[PDB]
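*Asks:* Residue numbers (the authors' numbering), protein chains in the order written: chain C, 159 to 211; chain F, 106 to 157.
Next comes the structure, spelled out in structure tokens:
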């Protein structure tokens, strides 16, 4: 039982790690777009700061 | 603030200043000034007369 549950937790953690990698890629794209909007002059610095957080 | 948020507010301020300028012109008309220098004649209308 312990070996089975440990292998299942490993597989579940690997899948959740892939999904958090996708979340990090999405947040990187969104932060780059807000950085472009702030560098152009349309968005203020506060909208950049919240995307940074 | 973003520079667009400064630019449109500056544009609204300039528009309100131009409206103040036009109201100042209409206030300058009601004290009617002589457009040239020279000899004046008679006043064909006196005080109390309505003009359009």
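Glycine included, each C-beta is placed from N, C-alpha and C at the ideal position.
At a threshold of 7 Å, does residue 181 of chain C count as lining the ligand FMN (C-beta to nearest heavy atom)?
*Replies:* Questions concerning the ligand FMN fall outside what the structure shown contains, since it holds no ligand whatsoever.
*Asks:* Please report the Cβ distance between residue 189 of chain C and residue 210 of chain C, rounded to the nearest whole angstrom; I am assuming they are in contact, meaning their Cβ atoms lie under 8 Å.
*Replies:* Indeed they touch by this definition, with Cβ atoms about 7 Å apart.
*Asks:* At least one CB of chain C closer than 8 Å to the CB of residue 136 of chain F: is that the case?
*Replies:* Output row for residue 136 of chain F: interface = no.
*Asks:* Taking the alpha-carbon positions, what's the residue 197 of chain C to residue 117 of chain F distance?
*Replies:* Their backbone Cα atoms lie some 24 Å apart in a straight line.
*Asks:* Residues of chain F with a CB under 8 Å from the CB of residue 173 of chain C: which are they?
*Replies:* Here the premise fails: no neighbours, minimum Cβ distance about 41 Å.
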